[PDB]
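Engineer: Sharing an experimental structure here, sequence included.
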Amino acid sequence: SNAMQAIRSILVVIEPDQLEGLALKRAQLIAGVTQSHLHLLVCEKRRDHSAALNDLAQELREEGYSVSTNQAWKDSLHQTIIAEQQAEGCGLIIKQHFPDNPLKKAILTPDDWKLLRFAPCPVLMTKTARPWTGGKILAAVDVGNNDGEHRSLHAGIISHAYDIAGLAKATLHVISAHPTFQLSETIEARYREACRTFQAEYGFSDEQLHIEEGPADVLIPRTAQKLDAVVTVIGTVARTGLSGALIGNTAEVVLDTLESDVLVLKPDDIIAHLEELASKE
Ligand SMILES: [Cl-]
Ligand SMILES: [Cl-]
Ligand SMILES: [Cl-]
């Protein structure tokens, strides 16, 4: 329930030429409550943004924030971001989504996909300009699986989601999607007993907990849209797929579809291995 409070530095990706600055707005809301440090990063080689960065940092410090800034560039946008996260030890990366195609506005750019694949920490991809305050926060889990790996991921998802609901004075909602009649009737009864246990463990009301049958890759966005969720918290697949496919189909589809901000968490052992990879560089 305190996963956000426990994040002590946030890497804020600052864009030089856009007309929205949602990454910094989300960071200000969060740090306003958690008092996390904010490290502002511009990823560019050409222009000297130092004066603008200093002015911005001074304004934020006067507002009471702990702030550092930097401008860097090595190789690619996502690589620059991850190198900065490593150098500053940040526990969250916040970046605004800016689609390449105006006709496919929900699809993440290929570079942002690389960021999500390799970041060894939670990544908040902002996708809406709607304020978090008073909104609806949606946590996506699979109550149908309670093995050690899923319990851990789910606990993380709920912890971050609940902490967000708290800091934003918002409400918390949960979606769980799950893919001879006598036997089916018996198996489903047992699945329901497990949902009830999950509901008691996590103190969710019937109204908060959406238990839906069908493909998670459609159910999660359906629920987000119906709730007009402003943030959706999701986990990547517990076990990586072939050829380093560590995001998984559900999260891939959901990230390219949601209109809400998306907080992307990974399994602890995945994070550990990505931490190792990010360190080699
Ligand atoms: Cl941290
Ligand atoms: Cl906000
Ligand atoms: Cl992947």
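Structural biologist: Yes, it's here. Residues are numbered from 1 along each chain as shown. Ligands and ions are numbered 1, 2, ... in the order given.
Engineer: ok, residue 70 touching residue 43?
Structural biologist: No. With contact defined as Cβ atoms under 8 Å, residue 70 does not count as touching residue 43 (9.6 Å). Where C-beta positions appear, they are placed from N, C-alpha and C, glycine not excepted.
Engineer: neighbour-wise, which of the two wins?
Structural biologist: Neighbour totals were compared for residue 70 and residue 43, and residue 43 leads with 22 against 18 (other Cβ atoms under 10 Å).
Engineer: Which residue, other than its chain neighbours, is closest to the more buried one?
Structural biologist: Closest residue to residue 43 apart from its sequence neighbours, by Cβ to Cβ, 6 or more residues apart in numbering: residue 80 at 4.2 Å.
Engineer: Show me what the helix ranked longest in the chain packs onto, helices and strands only.
Structural biologist: Using DSSP state H to define each element, the chain has its longest helix at helix 181-202. Contacts defined by 3 or more Cβ pairs under 8 Å, 6 or more residues apart in numbering; DSSP states H and E place helix 181-202 against strand 171-178, strand 209-213.
Engineer: mind putting these in JSON lines, distance to ligand 3 and mean neighbour count included?
Structural biologist: Supplementary listing: the helices and strands packed on helix 181-202 in JSON lines, determined by distance: least, Cβ to the ion, whole Å; neighbours: other Cβ atoms under 10 Å:
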{"stretch": "strand 171-178", "distance to ligand 3": "20", "mean neighbour count": "22"}
{"stretch": "strand 209-213", "distance to ligand 3": "25", "mean neighbour count": "17"}
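Engineer: In CSV: the ones you listed, plus distance to residue 224.
Structural biologist: Output for these, formatted as CSV (distance: least, Cβ to Cβ, whole Å):
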stretch, distance to residue 224
strand 171-178, 8
strand 209-213, 10
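Engineer: Do a quick rundown of the strands in the stretch 101-250 of the chain.
Structural biologist: In the stretch 101-250 of the chain, strands defined by DSSP state E, counting those that start in this stretch lie at 123-126, 136-141, 171-178, 209-213, 231-235, listed in chain order.
Engineer: Let me know which of the ones you listed is the nearest to residue 14.
Structural biologist: Across those, the minimum distance to residue 14, taken as Cβ to Cβ, is reached by strand 123-126, at 12.5 Å.
Engineer: That closest one: partners in the sheet, and parallel or antiparallel?
Structural biologist: Using DSSP bridges, the strands paired with strand 123-126 are strand 92-96 (parallel), strand 261-265 (antiparallel).
Engineer: Show residues contacting it.
Structural biologist: Applying Cβ atoms under 8 Å, 6 or more residues apart in numbering, the set of residues contacting strand 123-126 from outside is 22-23, 26, 92-97, 108, 112, 115-116, 255, 261-264.
Engineer: wait, what's in contact with the residue of the chain found nearest ligand 3?
Structural biologist: Here the residue of the chain nearest ligand 3 is residue 247; by Cβ to the ion that distance is 3.8 Å. With Cβ under 8 Å, 6+ apart as the criterion, the residues that contact residue 247 are 113, 116, 117, 236, 237, 255.
Engineer: For those residues, could you give me a markdown table that also reports neighbour count and distance to ligand 3?
Structural biologist: Compiled in a markdown table, those are given as follows (neighbours: other Cβ atoms under 10 Å; distance: Cβ to the ion, whole Å):
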| residue | neighbour count | distance to ligand 3 |
| --- | --- | --- |
| 113 | 16 | 8 |
| 116 | 23 | 8 |
| 117 | 16 | 5 |
| 236 | 23 | 8 |
| 237 | 19 | 9 |
| 255 | 24 | 11 |
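Engineer: Thanks a lot, catch you later.
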